[PDB]
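Participant: Order-wise, the sequence lines are chains A and G.
Just so we're aligned, residue 2 is where the first sequence starts under the authors' numbering, counting upward by one.
Just so we're aligned, residue 2 is where the second sequence starts under the authors' numbering, counting upward by one.
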Amino acid sequence: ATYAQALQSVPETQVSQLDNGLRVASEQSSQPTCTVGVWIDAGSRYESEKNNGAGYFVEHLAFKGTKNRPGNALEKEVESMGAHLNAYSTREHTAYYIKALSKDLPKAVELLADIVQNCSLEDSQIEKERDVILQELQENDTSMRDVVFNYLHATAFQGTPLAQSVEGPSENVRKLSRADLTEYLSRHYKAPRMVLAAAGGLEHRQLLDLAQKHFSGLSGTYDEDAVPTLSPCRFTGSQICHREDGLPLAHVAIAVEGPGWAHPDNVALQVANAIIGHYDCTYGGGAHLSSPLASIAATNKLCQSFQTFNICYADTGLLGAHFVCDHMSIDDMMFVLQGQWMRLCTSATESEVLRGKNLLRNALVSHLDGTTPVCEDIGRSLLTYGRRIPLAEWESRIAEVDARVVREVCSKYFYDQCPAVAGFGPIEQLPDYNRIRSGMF
Amino acid sequence: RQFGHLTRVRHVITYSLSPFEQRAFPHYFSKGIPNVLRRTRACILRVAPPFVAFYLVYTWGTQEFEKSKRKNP
Ligand SMILES: CCCCCCO[C@@H]1O[C@H](CO)[C@@H](O)[C@H](O)[C@H]1O
């Protein structure tokens, strides 16, 4: 078949909803294994300065025992059936998911229901996790990449909830109480804020009945005065430079404000980012890479690596790049990078945009490879778009992009716009903000 | 001399705002004047005296010159 007919053969994702508001979505395949999980509209963007880190603390407690399965009982059950239980928290979403044999879907759904509704939160466990989290904060401090990205959010979204890290400040970790957590939970873990998603060898009808059976008790009301809604987050052209000449390589992240999840412009932006691409010293292409930034960097040894990114949030986002380089290569790297954004705004060619479109097509499909990536796409999509966008639609959106669309969309977000800049390490050579700003036009 | 080879600096964080996000003349007068007064009071004792001396020597010398050329000083 052609790439076109193959697109129309992907089973359509089935979506249902319970009385309490919980959405149930699934994509059936014939895999003897599956992934099922709960995606929640909860994250640090929903936290205030007082409880920032609450969600991450809960993630630490989620698998430590439930009222029905105290202590390591939940753990033993997951392990004995050979399943895998994982979780993650971001500034807007939280997810708990299980990879298991398709025949074990009923127990998998029960366990998730149990986890999301009956978490013990034993005072002694809370004290133990407190120390674990503090140690994780210390470890994260050694990850220059994680530090620079937290810094980018701190400065770009300064004064708003998006400026907050997911883990929260250490003093919050030392002071968060069970009361704080149960409070956070009663407020955010409601059925209308959750999506039960599954992908693999199972039928929607079976998942739906299991959901009715195990999630019906989940609250779908809350009230009116306590319905955590999101306010837009102001973006600020600014710079944060943490100079540390003791570190061997400098990390720099720069971005302009992105449009947010729902905007159609994200497709063209993804095409443009694909044109500039990514790179690191282990890439075999070197001097022949198609991206001018990549080949210049490789032939002139300008950096160890770089990556463009389009981080999306509800109504805003960070569109830009991150690079790692020697202290004497920062200005050159910034010069070439900004020159490439400007070239795309004013002179993107049909041939490079086609390449970008093909890169995006390949990335889209190769990403949805396996029950876990698919299940995550279902969960997240339902939370963000309110629907699963089919591949055939993505193709239509990508197809609509041409050189004209790329120049116009890039001009809209990059041209003469104030960026947010974060630097960490031996950054004496990181350009002054005025010089960076002038580089935007 | 080039950025990247100047000197060694560790543990310093610098925060800045784009010029477009801020005022070019924040509190120009409500603060500008008070600081100018501070800076003025702060140096006048070092700067002014010598010139007051010049002024005196000048007026005395000029008047002395005048008187000296007259019939009855
Ligand atoms: C830039 C183009 C924006 C509109 C693209 C819509 O694209 C359409 O979406 C439908 C529903 O998902 C699909 O069934 C259909 O095959 C697809 O072509």
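Built from N, CA and C at the ideal position, the CB exists for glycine as well.
#1: Is A/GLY238 close to chain G? Criterion is C-beta to C-beta, closer than 8 Å.
#2: Say whether chain G places a C-beta atom closer than 8 Å to the C-beta of A/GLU204.
#3: Give me whichever residues DSSP pairs with A/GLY259 in a beta bridge.
#4: Would a C-beta distance cut-off of 8 Å place A/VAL110 and A/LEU211 closer than the cut-off?
#5: In the region 4-22 of chain G, which residues sit with their C-beta less than 9 Å from some C-beta in chain A, listed in chain order?
#6: Taking three-plus beta-carbon pairs below 8 Å as touching, is the region 85-99 of chain A in contact with the region 46-64 of chain A?
#7: Under 7 Å Cβ-Cβ, which residues of chain G neighbour A/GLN430?
#8: Can you list, in chain order, the residues of the region 246-259 of chain A whose Cβ is nearer than 7 Å to any Cβ on chain G?
#9: Give every residue of the same chain whose Cβ lies closer than 8 Å to the Cβ of A/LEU361, excluding the five residues on either side of it in the sequence, and list them in chain order.
#10: So, for A/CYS411: in the same chain, excluding its five sequence neighbours on each side, which residues have a beta-carbon less than 6 Å away from its beta-carbon?
#11: Enumerate, from N- to C-terminal direction, the unbroken beta strand (DSSP E) stretches of 3 or more residues contained entirely within the region 263-341 of chain A.
#12: Does the structure place the region 28-41 of chain A close enough to the region 400-410 of chain A that three or more beta carbon pairs sit under 8 Å?
#13: On a CA-only basis, which of A/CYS419, A/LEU197 and A/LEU219 is nearest A/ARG235? Give me that one, please.
#14: Out of A/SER220, A/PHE324, A/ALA180 and A/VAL174, which has the shortest C-alpha to C-alpha gap to A/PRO193?
#15: List the residues that DSSP assigns as beta-bridge partners of A/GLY201.
#16: Name, please, each residue of chain G whose Cβ falls closer than 7 Å to the Cβ of A/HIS323.
#17: Classify A/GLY424 as helix, strand or coil using the three-state DSSP reduction.
#18: Assign A/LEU431 to one of three DSSP states: helix, strand, or coil.
#19: Output yes if chain G places a C-beta closer than 8 Å to the C-beta of A/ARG146; else output no.
#20: Report yes if the CB atom of A/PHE425 is closer than 8 Å to the CB atom of A/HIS243, and no otherwise.
#21: Which full runs of the alpha helix (DSSP H) of 4+ residues lie inside the region 139-168 of chain A, going along the chain?
#22: Does DSSP put A/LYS100 in a helix, in a strand, or in coil?
#23: Count the other CB atoms within 10 Å of the CB of A/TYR280; is the residue buried (16 or more) or exposed (fewer)?
#24: Hey, would you say A/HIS205 sits closer than 8 Å to A/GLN9, going by beta carbons?
#25: Should A/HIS189 be flagged as near chain G, meaning a C-beta pair shorter than 8 Å?
#26: Report the rounded CA-to-CA distance for A/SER17 versus A/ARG24, giving the unit in angstroms.
#27: How many angstroms separate the CA atom of residue 1 of chain G from the CA atom of A/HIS264?
#28: For A/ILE241, which residues of its own chain have a beta-carbon under 6 Å away from its beta-carbon, when the five flanking residues on both sides are left out?
#29: Whole angstroms are fine: how far does the CA of A/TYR57 sit from the CA of G/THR8?
#30: Rounded to the nearest angstrom, what separates A/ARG438 and A/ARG381 at their Cα positions?
#31: If you compare alpha carbons, which of A/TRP395, A/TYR97, A/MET441 and A/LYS413 is closest to A/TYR4?
#32: With DSSP as the reference, label A/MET195 as helix, strand or coil.
#33: Does the CB of A/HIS154 have a neighbour CB from chain G at under 8 Å?
#34: Is it the case that the CB of A/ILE390 approaches a heavy atom of ligand 1 more closely than 7 Å?
#35: On the DSSP letters alone, give me the boundaries of the alpha helix (DSSP H) that G/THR15 sits inside.
#36: Beta-carbon separation of A/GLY160 and A/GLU258 under 8 Å?
Facilitator: To lay it out plainly:
#1: yes
#2: no
#3: A/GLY318
#4: yes
#5: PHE4, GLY5, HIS6, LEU7, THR8, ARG9, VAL10, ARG11, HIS12, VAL13, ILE14, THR15, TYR16, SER17, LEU18, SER19, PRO20, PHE21 and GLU22
#6: yes
#7: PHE4 and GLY5
#8: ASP246 and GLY247
#9: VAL268, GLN271, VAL272, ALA275 and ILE399
#10: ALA273, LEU345 and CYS346
#11: 279-281, 306-313 and 318-326
#12: no
#13: A/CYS419
#14: A/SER220
#15: A/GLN29 and A/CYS35
#16: What A/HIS323 touches in chain G: nothing, since even the nearest Cβ is about 19 Å away.
#17: strand
#18: coil
#19: no
#20: yes
#21: 145-157
#22: strand
#23: buried
#24: no
#25: no
#26: 6 Å
#27: Limits of chain G in this structure are 2 at one end and 74 at the other, which puts residue 1 of chain G out of reach.
#28: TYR152, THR156 and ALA423
#29: 40 Å
#30: 34 Å
#31: A/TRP395
#32: strand
#33: no
#34: yes
#35: No alpha helix (DSSP H) contains G/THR15, which is instead part of the beta strand (DSSP E) from 11-18.
#36: no
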